[PDB]
Amino acid sequence: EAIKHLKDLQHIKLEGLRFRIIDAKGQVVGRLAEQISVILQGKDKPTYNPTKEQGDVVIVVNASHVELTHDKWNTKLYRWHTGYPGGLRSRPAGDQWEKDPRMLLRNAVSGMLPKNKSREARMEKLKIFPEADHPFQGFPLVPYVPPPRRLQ
RNA sequence: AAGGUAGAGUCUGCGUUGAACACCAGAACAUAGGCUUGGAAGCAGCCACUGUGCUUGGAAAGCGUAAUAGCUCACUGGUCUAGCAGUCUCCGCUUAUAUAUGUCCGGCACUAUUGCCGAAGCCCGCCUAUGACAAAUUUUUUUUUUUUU
Ligand SMILES: [Mg+2]
Ligand SMILES: [Mg+2]
Ligand SMILES: [Mg+2]
């Protein structure tokens, strides 16, 4: 992590926004992805404009405390094509965790954003970290705790 | 149509006088019950279903042998000891072989007789065209019958 703490501090995006930190301990990937999508679009702001791309810098820690309920570790797949004949590639969720474990929440947030050309800028602002610390230690960052889970 | 697919709605064959499965297993005599066949010995084809001491043992579901047997299932005392079925009814997902370029819930995801959103409907403001209906208390305002031989 000698240079990984350096590269994540290199910012391409606009920075008039607010930084958010979310602990993903015990959170279901779908509901956390819904809340992260709402924060990323900037619709938690009274000054929201559909044309203007505001939002928040969402930082997620503990990406491997994230669970997939009802045997979706072996049955949920991730499929794409290569453009070549026979190019269907389907990866299971356990193999997706064993390849890159932050991609579960990454793809879940990607499927919930609006499908336009502002999606690249919104997916920049989602920074998902597997372990419990992030490079933005000294930053002024405001925590987003979700509403309590016990509706059931 | 089909499987120990599950969640719920009633009477009941079981069953705390030792219980389905799980455990020690008693598991038989005149006999090899009567025809055939070389042998038909609990059972190739078939006919019979005599008794017996019985808490139990079917002429007997069977691997099986020239067949007895090598083994046992079913029927019953106790062990385990609170176990406990299969008859009726739906439901959220299933099974029945080519989506044969590349995913078939739209994707991502998830194990309310009314509050709100929601249309060019309806109401409100303004405008246009064509139709109707409504509205918009002092009359009189002067001017001629005639005349000249
Ligand atoms: Mg109305
Ligand atoms: Mg109207
Ligand atoms: Mg008019």
# chains A, B, ... in the order shown; residues from 1 in each chain; ligands from 1
call {"tool": "interface_residues", "arguments": {"of": "chain B", "to": "chain A", "cutoff": "7 Å", "atoms": "only C-alpha atoms (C1' of nucleotides)", "output": "VMD selection string"}}
result
chain B and resid 102 to 103 108 to 109 111
call {"tool": "residues_around", "arguments": {"residues": "residue 51 of chain A", "least_positions_apart": "2", "cutoff": "12 Å", "atoms": "only C-alpha atoms (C1' of nucleotides)", "output": "list in words"}}
result
residues 41, 42, 47, 48, 49, 53, 54, 116, 117 and 118 of chain A
call {"tool": "select_by_dssp", "arguments": {"residues": "chain A", "states": "strand (DSSP E)", "output": "list in words"}}
result
residues 18, 19, 20, 21, 22, 23, 56, 57, 58, 59, 60, 61, 77, 78, 79, 80, 89, 90, 91, 92, 126, 127, 128, 141, 142 and 143 of chain A
call {"tool": "write_last_selection", "arguments": {"atoms": "N, CA, C and O atoms", "output": "compact mmCIF listing (two decimals), in the first residue's frame"}}
result
# COMPACT_ATOMS: atom_id res chain seq x y z
N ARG A 18 -19.46 17.17 -0.86
CA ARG A 18 -19.22 16.66 0.48
C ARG A 18 -18.76 15.21 0.39
O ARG A 18 -19.23 14.44 -0.45
N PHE A 19 -17.83 14.84 1.27
CA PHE A 19 -17.33 13.48 1.38
C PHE A 19 -18.20 12.70 2.35
O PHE A 19 -18.58 13.21 3.41
N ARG A 20 -18.52 11.46 1.99
CA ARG A 20 -19.32 10.58 2.82
C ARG A 20 -18.57 9.29 3.07
O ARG A 20 -17.93 8.75 2.17
N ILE A 21 -18.64 8.80 4.31
CA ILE A 21 -18.08 7.51 4.68
C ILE A 21 -19.20 6.61 5.16
O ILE A 21 -20.06 7.04 5.94
N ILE A 22 -19.24 5.38 4.65
CA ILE A 22 -20.26 4.40 5.01
C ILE A 22 -19.55 3.13 5.44
O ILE A 22 -18.67 2.63 4.73
N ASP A 23 -19.91 2.62 6.61
CA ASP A 23 -19.44 1.32 7.07
C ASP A 23 -20.37 0.26 6.50
O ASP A 23 -21.56 0.24 6.82
N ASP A 56 -22.01 13.45 -4.25
CA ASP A 56 -21.16 13.35 -3.08
C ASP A 56 -20.06 12.34 -3.38
O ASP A 56 -20.23 11.46 -4.23
N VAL A 57 -18.94 12.48 -2.69
CA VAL A 57 -17.83 11.53 -2.81
C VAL A 57 -18.09 10.42 -1.80
O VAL A 57 -17.81 10.57 -0.61
N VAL A 58 -18.64 9.31 -2.28
CA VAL A 58 -19.01 8.20 -1.41
C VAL A 58 -17.80 7.32 -1.20
O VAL A 58 -17.24 6.78 -2.16
N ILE A 59 -17.39 7.16 0.06
CA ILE A 59 -16.33 6.23 0.44
C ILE A 59 -16.97 5.11 1.24
O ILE A 59 -17.69 5.36 2.21
N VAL A 60 -16.74 3.87 0.81
CA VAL A 60 -17.29 2.69 1.46
C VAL A 60 -16.13 1.88 2.02
O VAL A 60 -15.18 1.57 1.29
N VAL A 61 -16.21 1.55 3.30
CA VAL A 61 -15.21 0.69 3.93
C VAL A 61 -15.89 -0.60 4.36
O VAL A 61 -17.12 -0.68 4.46
N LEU A 77 -24.91 -14.86 -11.06
CA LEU A 77 -23.85 -14.82 -12.06
C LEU A 77 -23.60 -13.39 -12.51
O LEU A 77 -24.38 -12.48 -12.24
N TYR A 78 -22.48 -13.21 -13.21
CA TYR A 78 -22.12 -11.93 -13.82
C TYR A 78 -21.71 -12.22 -15.25
O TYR A 78 -20.67 -12.84 -15.50
N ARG A 79 -22.53 -11.77 -16.21
CA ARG A 79 -22.37 -12.16 -17.60
C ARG A 79 -22.07 -10.95 -18.47
O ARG A 79 -22.60 -9.86 -18.26
N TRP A 80 -21.21 -11.17 -19.47
CA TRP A 80 -20.87 -10.15 -20.46
C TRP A 80 -20.40 -10.87 -21.71
O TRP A 80 -20.22 -12.09 -21.73
N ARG A 89 -19.20 -14.92 -21.40
CA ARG A 89 -18.41 -15.17 -20.20
C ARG A 89 -19.29 -14.91 -18.99
O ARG A 89 -19.74 -13.77 -18.79
N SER A 90 -19.51 -15.94 -18.18
CA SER A 90 -20.36 -15.83 -16.99
C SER A 90 -19.56 -16.26 -15.77
O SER A 90 -19.06 -17.39 -15.71
N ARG A 91 -19.44 -15.36 -14.79
CA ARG A 91 -18.68 -15.61 -13.58
C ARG A 91 -19.60 -15.68 -12.38
O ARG A 91 -20.45 -14.80 -12.20
N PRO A 92 -19.48 -16.72 -11.53
CA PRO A 92 -20.32 -16.80 -10.32
C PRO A 92 -19.95 -15.75 -9.28
O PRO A 92 -18.92 -15.08 -9.41
N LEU A 126 -17.55 6.95 -6.46
CA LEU A 126 -17.75 5.78 -5.61
C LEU A 126 -16.41 5.09 -5.45
O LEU A 126 -15.85 4.57 -6.42
N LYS A 127 -15.89 5.09 -4.23
CA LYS A 127 -14.58 4.52 -3.92
C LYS A 127 -14.77 3.47 -2.83
O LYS A 127 -15.04 3.81 -1.67
N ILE A 128 -14.63 2.21 -3.21
CA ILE A 128 -15.00 1.08 -2.37
C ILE A 128 -13.71 0.44 -1.86
O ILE A 128 -12.84 0.08 -2.66
N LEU A 141 -14.90 14.48 6.37
CA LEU A 141 -15.82 13.54 5.74
C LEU A 141 -16.94 13.21 6.72
O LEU A 141 -16.68 12.90 7.88
N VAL A 142 -18.17 13.29 6.24
CA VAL A 142 -19.36 13.23 7.09
C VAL A 142 -19.97 11.85 6.95
O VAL A 142 -20.30 11.45 5.82
N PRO A 143 -20.15 11.09 8.03
CA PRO A 143 -20.63 9.71 7.90
C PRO A 143 -22.09 9.63 7.50
O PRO A 143 -22.92 10.44 7.92
call {"tool": "residues_near_ligand", "arguments": {"ligand": "ligand 3", "cutoff": "10 Å", "atoms": "only C-alpha atoms (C1' of nucleotides) and all ligand atoms", "output": "PyMOL selection string"}}
result
chain B and resi 128-131
call {"tool": "write_last_selection", "arguments": {"atoms": "N, CA and C atoms (P, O5', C5', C4', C3', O3' and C1' of nucleotides)", "output": "PDB file, in the first residue's frame"}}
result
ATOM      1  P     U B 128     -58.846  37.215 -27.491  1.00  0.00           P
ATOM      2  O5'   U B 128     -59.026  36.005 -28.507  1.00  0.00           O
ATOM      3  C5'   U B 128     -58.142  35.848 -29.603  1.00  0.00           C
ATOM      4  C4'   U B 128     -58.410  34.579 -30.370  1.00  0.00           C
ATOM      5  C3'   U B 128     -59.814  34.399 -30.903  1.00  0.00           C
ATOM      6  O3'   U B 128     -60.069  35.175 -32.057  1.00  0.00           O
ATOM      7  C1'   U B 128     -59.057  32.368 -29.966  1.00  0.00           C
ATOM      8  P     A B 129     -61.507  35.852 -32.274  1.00  0.00           P
ATOM      9  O5'   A B 129     -62.363  34.694 -32.938  1.00  0.00           O
ATOM     10  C5'   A B 129     -61.885  34.014 -34.085  1.00  0.00           C
ATOM     11  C4'   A B 129     -62.669  32.756 -34.338  1.00  0.00           C
ATOM     12  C3'   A B 129     -64.172  32.878 -34.195  1.00  0.00           C
ATOM     13  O3'   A B 129     -64.777  33.439 -35.343  1.00  0.00           O
ATOM     14  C1'   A B 129     -63.426  30.932 -33.089  1.00  0.00           C
ATOM     15  P     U B 130     -66.083  34.359 -35.206  1.00  0.00           P
ATOM     16  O5'   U B 130     -67.258  33.309 -35.014  1.00  0.00           O
ATOM     17  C5'   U B 130     -67.505  32.313 -35.993  1.00  0.00           C
ATOM     18  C4'   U B 130     -68.417  31.241 -35.462  1.00  0.00           C
ATOM     19  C3'   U B 130     -69.717  31.727 -34.859  1.00  0.00           C
ATOM     20  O3'   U B 130     -70.682  32.038 -35.844  1.00  0.00           O
ATOM     21  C1'   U B 130     -68.747  30.100 -33.446  1.00  0.00           C
ATOM     22  P     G B 131     -71.915  33.000 -35.497  1.00  0.00           P
ATOM     23  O5'   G B 131     -73.012  32.000 -34.932  1.00  0.00           O
ATOM     24  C5'   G B 131     -73.872  32.394 -33.882  1.00  0.00           C
ATOM     25  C4'   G B 131     -74.260  31.230 -33.010  1.00  0.00           C
ATOM     26  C3'   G B 131     -75.195  31.577 -31.868  1.00  0.00           C
ATOM     27  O3'   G B 131     -76.545  31.604 -32.282  1.00  0.00           O
ATOM     28  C1'   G B 131     -73.400  30.286 -31.047  1.00  0.00           C
TER      29        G B 131
END
call {"tool": "atom_distance", "arguments": {"atom1": "atom CA of residue 12 of chain A", "atom2": "atom CA of residue 119 of chain A"}}
result
14.3 Å
call {"tool": "atom_distance", "arguments": {"atom1": "atom CA of residue 148 of chain A", "atom2": "atom CA of residue 100 of chain A"}}
result
28.7 Å
call {"tool": "select_by_dssp", "arguments": {"residues": "chain A", "states": "alpha helix (DSSP H)", "output": "PyMOL selection string"}}
result
chain A and resi 4-7+29-41+93-99+103-110+119-124
call {"tool": "residues_near_ligand", "arguments": {"ligand": "ligand 2", "cutoff": "12 Å", "atoms": "only C-alpha atoms (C1' of nucleotides) and all ligand atoms", "output": "ChimeraX atom specification"}}
result
/B:119-124
call {"tool": "atom_distance", "arguments": {"atom1": "atom CA of residue 121 of chain A", "atom2": "atom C1' of residue 117 of chain B"}}
result
29.7 Å
call {"tool": "residues_around", "arguments": {"residues": "segment 14-21 of chain B", "least_positions_apart": "6", "cutoff": "10 Å", "atoms": "only C-alpha atoms (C1' of nucleotides)", "output": "list in words"}}
result
residues 78, 79, 80, 81, 82, 83, 84 and 85 of chain B
call {"tool": "closest_residue", "arguments": {"among": "A:50, A:26, A:101, A:94", "to": "residue 65 of chain A", "atoms": "only C-alpha atoms"}}
result
A:26
call {"tool": "residues_around", "arguments": {"residues": "residue 43 of chain B", "least_positions_apart": "4", "cutoff": "12 Å", "atoms": "only C-alpha atoms (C1' of nucleotides)", "output": "PDB file with N, CA, C and O atoms (P, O5', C5', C4', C3', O3' and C1' of nucleotides), in the first residue's frame"}}
result
ATOM      1  P     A B  59     -50.195 -69.770   5.651  1.00  0.00           P
ATOM      2  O5'   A B  59     -50.143 -70.712   4.367  1.00  0.00           O
ATOM      3  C5'   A B  59     -49.960 -70.176   3.061  1.00  0.00           C
ATOM      4  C4'   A B  59     -48.519 -70.251   2.632  1.00  0.00           C
ATOM      5  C3'   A B  59     -48.281 -70.654   1.178  1.00  0.00           C
ATOM      6  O3'   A B  59     -47.156 -69.937   0.668  1.00  0.00           O
ATOM      7  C1'   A B  59     -47.188 -72.178   2.619  1.00  0.00           C
ATOM      8  P     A B  60     -47.269 -69.126  -0.716  1.00  0.00           P
ATOM      9  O5'   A B  60     -47.002 -67.608  -0.313  1.00  0.00           O
ATOM     10  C5'   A B  60     -46.833 -67.227   1.049  1.00  0.00           C
ATOM     11  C4'   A B  60     -45.510 -66.541   1.278  1.00  0.00           C
ATOM     12  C3'   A B  60     -44.366 -67.055   0.415  1.00  0.00           C
ATOM     13  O3'   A B  60     -43.457 -65.990   0.132  1.00  0.00           O
ATOM     14  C1'   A B  60     -43.926 -67.539   2.708  1.00  0.00           C
ATOM     15  P     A B  61     -43.550 -65.228  -1.281  1.00  0.00           P
ATOM     16  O5'   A B  61     -43.688 -63.690  -0.892  1.00  0.00           O
ATOM     17  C5'   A B  61     -44.344 -62.774  -1.758  1.00  0.00           C
ATOM     18  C4'   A B  61     -43.535 -61.517  -1.958  1.00  0.00           C
ATOM     19  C3'   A B  61     -42.206 -61.687  -2.679  1.00  0.00           C
ATOM     20  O3'   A B  61     -42.334 -61.740  -4.090  1.00  0.00           O
ATOM     21  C1'   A B  61     -41.859 -60.432  -0.720  1.00  0.00           C
ATOM     22  P     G B  62     -41.412 -62.742  -4.946  1.00  0.00           P
ATOM     23  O5'   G B  62     -40.101 -62.908  -4.056  1.00  0.00           O
ATOM     24  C5'   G B  62     -38.819 -63.054  -4.648  1.00  0.00           C
ATOM     25  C4'   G B  62     -37.759 -62.369  -3.822  1.00  0.00           C
ATOM     26  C3'   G B  62     -36.341 -62.902  -3.973  1.00  0.00           C
ATOM     27  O3'   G B  62     -35.677 -62.366  -5.106  1.00  0.00           O
ATOM     28  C1'   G B  62     -36.861 -62.578  -1.669  1.00  0.00           C
TER      29        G B  62
END
